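**Student:** My questions will all concern the structure given below.
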Amino acid sequence: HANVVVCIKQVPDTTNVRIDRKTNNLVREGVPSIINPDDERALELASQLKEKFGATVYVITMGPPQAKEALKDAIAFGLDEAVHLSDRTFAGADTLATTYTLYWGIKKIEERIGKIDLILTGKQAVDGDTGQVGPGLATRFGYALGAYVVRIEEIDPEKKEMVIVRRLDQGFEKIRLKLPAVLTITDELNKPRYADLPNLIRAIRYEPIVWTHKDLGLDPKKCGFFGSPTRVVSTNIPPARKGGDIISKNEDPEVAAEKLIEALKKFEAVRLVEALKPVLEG
Amino acid sequence: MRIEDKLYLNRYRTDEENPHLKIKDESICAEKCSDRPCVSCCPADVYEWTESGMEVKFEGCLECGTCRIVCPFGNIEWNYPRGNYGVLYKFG
Amino acid sequence: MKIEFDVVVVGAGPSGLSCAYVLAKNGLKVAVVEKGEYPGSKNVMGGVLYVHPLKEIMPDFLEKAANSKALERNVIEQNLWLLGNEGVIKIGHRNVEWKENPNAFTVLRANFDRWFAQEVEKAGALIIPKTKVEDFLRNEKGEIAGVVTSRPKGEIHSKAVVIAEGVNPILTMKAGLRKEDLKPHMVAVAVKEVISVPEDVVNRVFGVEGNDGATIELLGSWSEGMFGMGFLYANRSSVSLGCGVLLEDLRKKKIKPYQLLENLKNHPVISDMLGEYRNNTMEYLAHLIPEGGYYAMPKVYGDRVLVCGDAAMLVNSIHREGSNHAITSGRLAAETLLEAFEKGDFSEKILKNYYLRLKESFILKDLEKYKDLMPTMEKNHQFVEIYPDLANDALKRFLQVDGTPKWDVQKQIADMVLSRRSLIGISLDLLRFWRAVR
Amino acid sequence: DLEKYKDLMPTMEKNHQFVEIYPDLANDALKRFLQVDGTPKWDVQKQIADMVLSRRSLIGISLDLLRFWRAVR
Ligand SMILES: Cc1cc2nc3c(=O)[nH]c(=O)nc-3n(C[C@H](O)[C@H](O)[C@H](O)COP(=O)(O)OP(=O)(O)OC[C@H]3O[C@@H](n4cnc5c(N)ncnc54)[C@H](O)[C@@H]3O)c2cc1C
Ligand SMILES: Cc1cc2nc3c(=O)[nH]c(=O)nc-3n(C[C@H](O)[C@H](O)[C@H](O)COP(=O)(O)OP(=O)(O)OC[C@H]3O[C@@H](n4cnc5c(N)ncnc54)[C@H](O)[C@@H]3O)c2cc1C
Ligand SMILES: CC(C)=CCC/C(C)=C\CC/C(C)=C/CC/C(C)=C/CC/C(C)=C/CC/C(C)=C/CC/C(C)=C\CC1=C(C)C(=O)c2ccccc2C1=O
Ligand code: SF4
Ligand code: SF4
């Protein structure tokens, strides 16, 4: 059997976290926090890996004390255990500080079940969409980083090596990853299941294993605002786009078509199209 | 346009593959119905009677239940959305 | 594996959680099935929740909810406002013994029912959110023996099922009760906005301070001649402004029930109170209020099945006591099932005691009283069409000083009241409503 | 305006009820009307009647509405 660990993050529901122009702020109060939607695909893949190969899946979150409800929503997928890294020693952490906590969080999981055969993260969180925790976690363990996974082909549990289909910008590519690996799952991998009641009822009366900074044995100031190299100095909402102008009208039946290409070339961004160079460069 | 400014304030988990508002018979809405009370009494502008049929924008449904009741002919297959779907009222 | 429970309470509103609180405090394996993400996620209420039906449920309710964000701005003043074309007749009543012995709190039901779920969870009940009940699993006797859900392996087994699912009696009709659907005269479309008003304009426009609240009840011609009782409640850092009108009146007027809330925001008085704090709407809600009552309620009991709250159409909407009736109906159903569990019988011989407790208490006596209330209001269309706008122009003429010698304002008021309605219509309408108030 | 409220304060002097029982009774009645304590709304419609017809009889209430009517003309 394999050992899967799914690092999930409790993220505010950013479909509802919207911009209020009159206060010039994010009105995110009252909006409940959910799983990161890139991580619901990671949890559904882990539940698929549990019913196909019997892999003991853990789920770990370094977050606030209100993030134990995200860890209970991960047990609704059918997972074995949830692990909470809850301490305000970990508050205000950046990616290097999160990964240092998550490396020592998964290292204590390794003292329970064995060496972790697969680490599933999401492609991005939505609050602070950096996406560097997954890449960062493959470097602490020295594992194979398969990022931006769109498909899973052969997950050979005997050869301890699986074939993913990583998305890049020039195109997808099949990659023979060598387990132990750290995957990083996109939205396009699968669609997460509607959870059954015996797992959802078990998810309600479940208490995730809470580990403080004394429980892990890490450095006390390598995890919070002190183990954070970067510092967020100011957060500010963007502007109100930019008022446009009806280039053409309802009269011009087509003469509006070249008036579009007339006014395209006044913009800087048409250099970036990679297919409008024969009308810009010439 | 006007009320979808205010429906943007609400929180939804939309179930797009499972429309919970189905119309049982589109022909009752064309000739049998005179005033279309599903359109004029829907607090979320879900129903819009085009000449292409009835456009049921079920994604903005506030799950009140008016449409099922105000419809005189009973041809609204009205369900609640599934669990964890539909409106999710924060400070309701 | 079978998911076995004692009682399954469908719905986690006021009647669902109050029924589950008494069963879980008395040691019953009671499960609550709620179709929302959290309890309170599908619940709409303007907010005035009365503390006496909850002090029967939880005798230490005001100590537990003081530290939390369940309750919101203790109601010490209850106003009734008669909106005119430009004026308002405020008829308030502020009481200062409600500051230390509270009568009611304003609530936001996603904040209240999420806290109320946490007390029901601490009582020992398993609250199962994100789960919609579709039908009932039945034994071969043909009675309700549990609950089937929208979940894949979802089949909860229970000795009794409490249908506390509110208005839209979809699940009540599956149990054999509610032989027909709701007609559009048993319900009222209630459209509500929660507006963010920043905690000190709430103190200024309501005349209060420091977690003391005021409730406005708005009557006038914003409701286009239909009997709509709007409201305007003081939350902590917010104002919940809404309006509710009957579906029979709304169907034959064809005017998109958020327009009544736009007529209520754009009144000259409400736009004066909240000047430019009207358009920072935080949320837009819509629900139904059961208003048929005694003539339209189902059989509230059956074989292993009870019905509470708005599902039994227990709402006194003219006094705005629906959560008052719901939290009590959960207490009466849970005390009925606690009689049913020591005897082991759950048929209509023992579960008829719930219908006996429902009329030995205030719930059905308030429904018999205002039984022919909205059919009385439907056959006038005067008490919200001329009567507020005439009482505003009369009291404006009474207070206007323009050199008119006070007999020619006592007769200009008589020339005001006996011009829009005859005296055979005024003296008739005071006691024609007297039959509605009993 | 002086002829209208001519016999106004001699009317108010011969009652001592409109500021002695009448405000404190209209406050306890409207408090009982808004108090929710599980009382079935007929037993608050009669407790108000047991409030108003205890501090002054009904022959005093219906008299005083039009005895002041002579003061307001
Ligand atoms: C406005 C703002 C800007 C920020 N900018 C930066 C920045 O530029 N650089 C930076 O390093 N930090 C930044 N942070 C903080 C940063 O988010 C935290 O360090 C956090 O640990 C990383 O989350 P992320 O947004 O980078 O998510 P990602 O790293 O993109 O998330 C990828 C996946 O990693 C896993 N994961 C993420 N967070 C956790 C967690 N706490 N516990 C367990 N698993 C987790 C999940 O599987 C998730 O799907 C910012 C925070 C804010 C509020
Ligand atoms: C605008 C407005 C203002 C109001 N103001 C007041 C007021 O000031 N005072 C007052 O006393 N009353 C007021 N009420 C009335 C009050 O909201 C209700 O009468 C009462 O609270 C309903 O209680 P309930 O237990 O039926 O819960 P409901 O909220 O009606 O519903 C119970 C729960 O059942 C769940 N449910 C429904 N169907 C299913 C299903 N198939 N499976 C699973 N779960 C299901 C729903 O998610 C819901 O949360 C107001 C109502 C409205 C609309
Ligand atoms: C000297 C004295 C006589 C001055 C008169 C002042 C007078 C206006 C009030 C006190 C007089 C007392 C003795 C009258 C006895 C009966 C009373 C209680 C009748 C109630 C009707 C009105 C006037 C109540 C006052 C306004 C305000 C406090 C209401 C709160 C808002 C909500 C909670 C109530 C809703 C509500 C409304 C809006 C009704 O129109 C209605 C009509 C008939 C029955 C019930 C109701 C009702 O419950
Ligand atoms: S009401 Fe019934 S009939 Fe009239 S339109 Fe809506 S659906 Fe068609
Ligand atoms: S439920 Fe309420 S909102 Fe959804 S459609 Fe029927 S009426 Fe419009």
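In the structure tokens, chains take the letters A, B, ... in the order shown, each chain's residues start at 1, and ligands count up from 1 in the order shown.
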Excluding same-chain residues fewer than 4 positions from segment 427-435 of chain C, what lies within 9 Å of it counting only C-alpha atoms, as an mmCIF file with C-alpha atoms, in the first residue's frame?
**Tutor:**
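Result file follows (around.cif):
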```
data_model
loop_
_atom_site.group_PDB
_atom_site.id
_atom_site.type_symbol
_atom_site.label_atom_id
_atom_site.label_comp_id
_atom_site.auth_asym_id
_atom_site.auth_seq_id
_atom_site.Cartn_x
_atom_site.Cartn_y
_atom_site.Cartn_z
ATOM 1 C CA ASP C 372 -59.923 35.225 8.625
ATOM 2 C CA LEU C 373 -57.376 38.034 8.720
ATOM 3 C CA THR C 376 -60.403 40.479 5.470
ATOM 4 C CA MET C 377 -57.439 42.541 4.251
ATOM 5 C CA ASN C 380 -60.758 46.179 1.385
ATOM 6 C CA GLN C 382 -57.963 50.567 1.902
ATOM 7 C CA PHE C 383 -55.844 50.153 5.054
ATOM 8 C CA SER C 422 -67.030 58.467 3.160
ATOM 9 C CA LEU C 423 -67.939 58.342 6.853
#
```
**Student:** Neighbours of ligand 4 within 10 Å, counting only C-alpha atoms and all ligand atoms, as an MDAnalysis selection string?
**Tutor:** chainID B and resid 22:42 47:49 53:54 56 67:77
**Student:** Could you give me, as a tab-separated table, a per-residue list for chain B showing, wherever an atom lies at most 6 Å from an atom of ligand 5, the closest pair of atoms and their distance in Å to one decimal, using only C-alpha atoms and all ligand atoms and sorting by chain then residue number from low to high?
**Tutor:**
```
residue	atom	partner	partner_atom_place_in_ligand_line	distance
B:42	CA	ligand 5	8 (Fe)	3.9
B:43	CA	ligand 5	8 (Fe)	5.4
B:44	CA	ligand 5	3 (S)	5.0
B:46	CA	ligand 5	8 (Fe)	5.2
B:61	CA	ligand 5	4 (Fe)	3.2
B:62	CA	ligand 5	3 (S)	4.2
B:63	CA	ligand 5	1 (S)	3.9
B:64	CA	ligand 5	2 (Fe)	3.9
B:65	CA	ligand 5	1 (S)	4.1
B:66	CA	ligand 5	7 (S)	4.3
B:67	CA	ligand 5	6 (Fe)	4.0
```
**Student:** Export N, CA, C and O atoms of the chosen residues as a tab-separated table (two decimals), in the first residue's frame?
**Tutor:**
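Generated output (selection_14.tsv):
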```tsv
chain	number	residue	atom	x	y	z
B	42	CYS	N	-41.12	36.50	-10.03
B	42	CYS	CA	-39.86	35.83	-9.60
B	42	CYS	C	-38.91	36.89	-9.04
B	42	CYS	O	-38.50	37.78	-9.79
B	43	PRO	N	-38.56	36.81	-7.73
B	43	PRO	CA	-37.67	37.78	-7.08
B	43	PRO	C	-36.25	37.78	-7.60
B	43	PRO	O	-35.46	38.63	-7.17
B	44	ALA	N	-35.88	36.88	-8.50
B	44	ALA	CA	-34.50	36.76	-8.95
B	44	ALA	C	-34.37	36.82	-10.46
B	44	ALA	O	-33.28	36.57	-10.98
B	46	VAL	N	-35.43	34.80	-12.74
B	46	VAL	CA	-35.00	33.52	-13.29
B	46	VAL	C	-35.71	33.25	-14.61
B	46	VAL	O	-35.09	32.89	-15.61
B	61	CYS	N	-31.54	31.26	-8.79
B	61	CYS	CA	-32.72	30.90	-7.98
B	61	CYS	C	-32.41	31.04	-6.49
B	61	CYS	O	-31.40	30.47	-6.03
B	62	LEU	N	-33.26	31.79	-5.79
B	62	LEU	CA	-33.18	32.01	-4.35
B	62	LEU	C	-33.96	30.97	-3.56
B	62	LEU	O	-34.09	31.12	-2.35
B	63	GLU	N	-34.49	29.94	-4.24
B	63	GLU	CA	-35.13	28.76	-3.64
B	63	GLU	C	-36.34	29.12	-2.80
B	63	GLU	O	-36.66	28.43	-1.83
B	64	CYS	N	-36.94	30.27	-3.10
B	64	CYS	CA	-38.12	30.73	-2.31
B	64	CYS	C	-39.28	29.76	-2.55
B	64	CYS	O	-39.82	29.23	-1.57
B	65	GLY	N	-39.62	29.53	-3.82
B	65	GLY	CA	-40.69	28.61	-4.14
B	65	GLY	C	-41.91	29.28	-4.73
B	65	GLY	O	-42.94	28.63	-4.89
B	66	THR	N	-41.80	30.57	-5.03
B	66	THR	CA	-42.92	31.35	-5.54
B	66	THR	C	-43.39	30.83	-6.89
B	66	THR	O	-44.59	30.72	-7.14
B	67	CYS	N	-42.43	30.58	-7.78
B	67	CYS	CA	-42.72	30.14	-9.17
B	67	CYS	C	-43.61	28.89	-9.18
B	67	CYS	O	-44.57	28.86	-9.98
```
**Student:** So that I can see what lies close to residue 85 of chain B, please list as a list in words the residues with an atom at most 8 Å from it, counting only C-alpha atoms and leaving out residues fewer than 6 positions away in the same chain.
**Tutor:** residues 12, 13, 14 and 15 of chain B; 36, 37 and 130 of chain C
**Student:** Ligand 2: which residues are within 6 Å, counting only C-alpha atoms and all ligand atoms? Reply as a count of residues only.
**Tutor:** 44
**Student:** Within 7 Å of ligand 3, counting only C-alpha atoms and all ligand atoms, which protein or nucleic acid residues do you find, written as a PyMOL selection string?
**Tutor:** (chain C and resi 78-80+91-93+216-217+318-320+437) or (chain D and resi 18+22-23+25-27+29-30+33-34+48)
**Student:** Around ligand 1, at most 6 Å away and counting only C-alpha atoms and all ligand atoms, which residues are there? Put them as a PDB file with C-alpha atoms, in the first residue's frame, please.
**Tutor:**
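Resulting contents of pocket.pdb:
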```
ATOM      1  CA  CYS A   7      -1.827  19.262   1.593  1.00  0.00           C
ATOM      2  CA  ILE A   8      -5.049  21.282   1.365  1.00  0.00           C
ATOM      3  CA  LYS A   9      -5.589  24.932   2.222  1.00  0.00           C
ATOM      4  CA  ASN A  36      -9.194  25.426  -2.308  1.00  0.00           C
ATOM      5  CA  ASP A  38      -7.581  23.076  -6.945  1.00  0.00           C
ATOM      6  CA  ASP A  39      -7.362  20.837  -3.856  1.00  0.00           C
ATOM      7  CA  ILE A  60      -2.701  18.095   6.315  1.00  0.00           C
ATOM      8  CA  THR A  61      -3.407  21.805   6.759  1.00  0.00           C
ATOM      9  CA  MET A  62      -1.265  24.530   8.290  1.00  0.00           C
ATOM     10  CA  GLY A  63      -3.838  27.189   9.049  1.00  0.00           C
ATOM     11  CA  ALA A  93       3.628  32.484   7.136  1.00  0.00           C
ATOM     12  CA  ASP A  94       4.872  32.788   3.578  1.00  0.00           C
ATOM     13  CA  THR A  95       5.630  29.929   1.180  1.00  0.00           C
ATOM     14  CA  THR A  98       4.563  27.181   5.090  1.00  0.00           C
ATOM     15  CA  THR A 121      -1.170  19.637  -3.622  1.00  0.00           C
ATOM     16  CA  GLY A 122      -3.255  21.949  -5.721  1.00  0.00           C
ATOM     17  CA  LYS A 123      -2.050  24.113  -8.558  1.00  0.00           C
ATOM     18  CA  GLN A 124      -2.818  27.325  -6.674  1.00  0.00           C
ATOM     19  CA  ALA A 125      -4.563  28.664  -3.662  1.00  0.00           C
ATOM     20  CA  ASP A 127      -5.959  33.890  -1.721  1.00  0.00           C
ATOM     21  CA  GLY A 128      -2.412  34.786  -2.672  1.00  0.00           C
ATOM     22  CA  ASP A 129      -2.322  32.648  -5.815  1.00  0.00           C
ATOM     23  CA  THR A 130       1.405  31.936  -5.811  1.00  0.00           C
ATOM     24  CA  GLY A 131       1.426  28.186  -6.343  1.00  0.00           C
ATOM     25  CA  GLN A 132       4.915  27.727  -4.910  1.00  0.00           C
ATOM     26  CA  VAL A 133       4.080  25.436  -1.971  1.00  0.00           C
ATOM     27  CA  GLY A 134       3.814  22.395  -4.242  1.00  0.00           C
ATOM     28  CA  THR A 235      -2.527  45.236  -0.118  1.00  0.00           C
TER      29      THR A 235
END
```
**Student:** Hey, list the chain B side of the contact with chain A: 7 Å cut-off, only C-alpha atoms, answer as a PyMOL selection string.
**Tutor:** chain B and resi 11+90-91
**Student:** Only N, CA, C and O atoms, please: the residues just picked out, written as a CSV table (one decimal), in the first residue's frame.
**Tutor:**
```csv
chain,number,residue,atom,x,y,z
B,11,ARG,N,-24.2,34.5,-2.2
B,11,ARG,CA,-23.2,33.5,-2.4
B,11,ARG,C,-23.9,32.2,-3.0
B,11,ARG,O,-25.0,31.8,-2.4
B,90,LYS,N,-25.1,34.0,3.5
B,90,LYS,CA,-24.3,34.5,4.6
B,90,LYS,C,-25.0,35.7,5.3
B,90,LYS,O,-25.6,36.5,4.6
B,91,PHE,N,-25.1,35.6,6.6
B,91,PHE,CA,-25.9,36.5,7.5
B,91,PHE,C,-27.4,36.6,7.0
B,91,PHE,O,-27.8,37.7,6.7
```
**Student:** Find the distance between atom CA of residue 71 of chain D and atom CA of residue 19 of chain D and write it in Å to one decimal.
**Tutor:** 15.5 Å
**Student:** So what do you get for atom CA of residue 151 of chain A versus atom CA of residue 57 of chain A, distance-wise?
**Tutor:**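 Pair atom CA of residue 151 of chain A / atom CA of residue 57 of chain A returns 19.6 Å.
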**Student:** Tell me which protein, DNA and RNA residues are within 10 Å of residue 160 of chain A, counting only C-alpha atoms, leaving out same-chain ones fewer than 5 positions away, and put them as a list in words.
**Tutor:**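 Using only C-alpha atoms, the neighbours found are residues 2, 117, 118, 155, 177, 178, 179, 180 and 181 of chain A.
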**Student:** Can you pull out every residue within 10 Å of residue 67 of chain D, counting only C-alpha atoms, but drop anything in the same chain fewer than 4 positions away, and send it as a PyMOL selection string?
**Tutor:** chain D and resi 11-12+15+60-63+71-72
**Student:** What's around residue 138 of chain C at 12 Å? Count only C-alpha atoms, leave out sequence neighbours fewer than 6 positions away in its own chain, and write the answer as a list in words.
**Tutor:** residues 144, 145, 146, 147, 148, 155, 156, 157, 158, 159, 160, 161, 174, 175, 303, 304 and 305 of chain C
**Student:** Any chance you can output those residues with N, CA, C and O atoms as a CSV table (one decimal), in the first residue's frame?
**Tutor:**
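Output saved as selection-v4.csv:
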```csv
chain,number,residue,atom,x,y,z
C,144,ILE,N,-43.5,5.7,7.5
C,144,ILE,CA,-42.2,6.3,7.4
C,144,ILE,C,-41.2,5.7,8.4
C,144,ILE,O,-41.4,5.8,9.6
C,145,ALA,N,-40.2,5.0,7.9
C,145,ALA,CA,-39.2,4.3,8.7
C,145,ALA,C,-37.9,4.9,8.6
C,145,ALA,O,-36.9,4.3,9.1
C,146,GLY,N,-37.7,6.1,8.1
C,146,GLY,CA,-36.4,6.7,8.0
C,146,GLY,C,-36.5,7.8,6.9
C,146,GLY,O,-37.5,8.3,6.5
C,147,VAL,N,-35.3,8.0,6.3
C,147,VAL,CA,-35.0,9.1,5.4
C,147,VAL,C,-34.0,8.7,4.3
C,147,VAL,O,-33.0,8.1,4.6
C,148,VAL,N,-34.4,8.9,3.0
C,148,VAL,CA,-33.4,8.8,1.9
C,148,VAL,C,-33.0,10.2,1.5
C,148,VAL,O,-33.8,11.1,1.6
C,155,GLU,N,-29.1,6.6,3.3
C,155,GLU,CA,-30.4,6.0,3.8
C,155,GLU,C,-30.3,6.0,5.3
C,155,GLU,O,-29.7,5.1,5.8
C,156,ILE,N,-30.9,7.0,5.9
C,156,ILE,CA,-30.8,7.1,7.4
C,156,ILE,C,-32.1,6.4,8.0
C,156,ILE,O,-33.2,6.7,7.6
C,157,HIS,N,-31.8,5.5,8.9
C,157,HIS,CA,-32.9,4.7,9.5
C,157,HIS,C,-33.2,5.4,10.9
C,157,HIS,O,-32.3,5.7,11.6
C,158,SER,N,-34.5,5.5,11.1
C,158,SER,CA,-34.9,6.2,12.4
C,158,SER,C,-36.3,5.7,12.8
C,158,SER,O,-37.1,5.3,11.9
C,159,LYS,N,-36.6,5.7,14.1
C,159,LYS,CA,-37.9,5.3,14.6
C,159,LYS,C,-38.9,6.4,14.4
C,159,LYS,O,-40.1,6.1,14.4
C,160,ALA,N,-38.5,7.6,14.1
C,160,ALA,CA,-39.4,8.7,13.8
C,160,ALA,C,-38.7,9.8,13.0
C,160,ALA,O,-37.5,9.8,13.0
C,161,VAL,N,-39.5,10.5,12.2
C,161,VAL,CA,-39.0,11.5,11.3
C,161,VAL,C,-39.7,12.8,11.6
C,161,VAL,O,-41.0,12.8,11.4
C,174,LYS,N,-44.8,14.2,0.5
C,174,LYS,CA,-44.3,12.8,0.3
C,174,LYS,C,-44.7,11.9,1.5
C,174,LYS,O,-44.8,10.7,1.3
C,175,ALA,N,-45.0,12.5,2.6
C,175,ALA,CA,-45.4,11.8,3.8
C,175,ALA,C,-46.9,11.5,3.9
C,175,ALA,O,-47.4,10.9,4.8
C,303,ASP,N,-48.0,8.3,11.2
C,303,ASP,CA,-47.3,7.1,11.6
C,303,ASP,C,-45.8,7.4,11.6
C,303,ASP,O,-45.2,7.5,10.5
C,304,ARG,N,-45.2,7.5,12.8
C,304,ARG,CA,-43.7,7.8,13.0
C,304,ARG,C,-43.3,9.1,12.3
C,304,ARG,O,-42.2,9.2,11.9
C,305,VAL,N,-44.2,10.1,12.3
C,305,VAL,CA,-43.8,11.3,11.6
C,305,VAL,C,-44.5,12.5,12.3
C,305,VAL,O,-45.7,12.4,12.6
```
**Student:** Residues of chain A no more than 9 Å from chain C, counting only C-alpha atoms: send them over as a CSV table (one decimal) with N, CA and C atoms, in the first residue's frame.
**Tutor:**
```csv
chain,number,residue,atom,x,y,z
A,20,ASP,N,-15.7,46.0,-3.7
A,20,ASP,CA,-16.7,47.1,-3.5
A,20,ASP,C,-15.9,48.4,-3.8
A,22,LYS,N,-16.8,51.5,-3.5
A,22,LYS,CA,-17.1,52.7,-2.8
A,22,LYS,C,-16.3,52.7,-1.5
A,27,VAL,N,-14.9,43.0,0.1
A,27,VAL,CA,-15.9,42.7,1.0
A,27,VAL,C,-15.9,41.2,1.1
A,194,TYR,N,-19.7,13.7,-5.4
A,194,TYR,CA,-20.7,14.0,-4.3
A,194,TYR,C,-20.5,12.9,-3.3
A,195,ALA,N,-20.2,13.4,-2.1
A,195,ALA,CA,-19.8,12.5,-1.0
A,195,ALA,C,-21.0,11.7,-0.5
A,196,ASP,N,-20.8,10.4,-0.2
A,196,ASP,CA,-21.8,9.6,0.4
A,196,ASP,C,-22.0,10.0,1.9
A,197,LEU,N,-23.2,9.6,2.4
A,197,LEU,CA,-23.4,9.8,3.8
A,197,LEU,C,-22.5,9.1,4.8
A,198,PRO,N,-22.2,7.8,4.7
A,198,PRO,CA,-21.3,7.2,5.7
A,198,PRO,C,-19.9,7.8,5.8
A,200,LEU,N,-19.6,11.2,5.0
A,200,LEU,CA,-19.9,12.6,5.4
A,200,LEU,C,-20.3,12.6,6.9
A,201,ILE,N,-21.0,11.6,7.4
A,201,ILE,CA,-21.3,11.5,8.8
A,201,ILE,C,-20.1,11.2,9.6
A,204,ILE,N,-18.3,14.4,10.0
A,204,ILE,CA,-18.8,15.4,11.0
A,204,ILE,C,-18.3,15.0,12.4
A,205,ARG,N,-18.4,13.8,12.8
A,205,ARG,CA,-17.9,13.4,14.1
A,205,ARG,C,-16.4,12.9,14.0
```
**Student:** If you measure from atom CA of residue 294 of chain C to atom CA of residue 55 of chain C, what distance in Å do you get, rounded to one decimal?
**Tutor:** 26.4 Å
**Student:** So that I can check the surroundings of segment 8-10 of chain B, please list as a PDB file with C-alpha atoms, in the first residue's frame every protein, DNA and RNA residue that reaches within 6 Å of it, counting only C-alpha atoms and ignoring chain neighbours fewer than 3 positions away.
**Tutor:**
```
ATOM      1  CA  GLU B   4     -28.297  40.442 -11.335  1.00  0.00           C
ATOM      2  CA  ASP B   5     -26.333  43.294  -9.805  1.00  0.00           C
TER       3      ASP B   5
ATOM      4  CA  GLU C 283     -27.190  40.524   0.571  1.00  0.00           C
TER       5      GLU C 283
END
```
**Student:** Could you give me, as a count of residues only, each residue of chain D that DSSP assigns to alpha helix (DSSP H) when run on this structure's backbone?
**Tutor:** 43
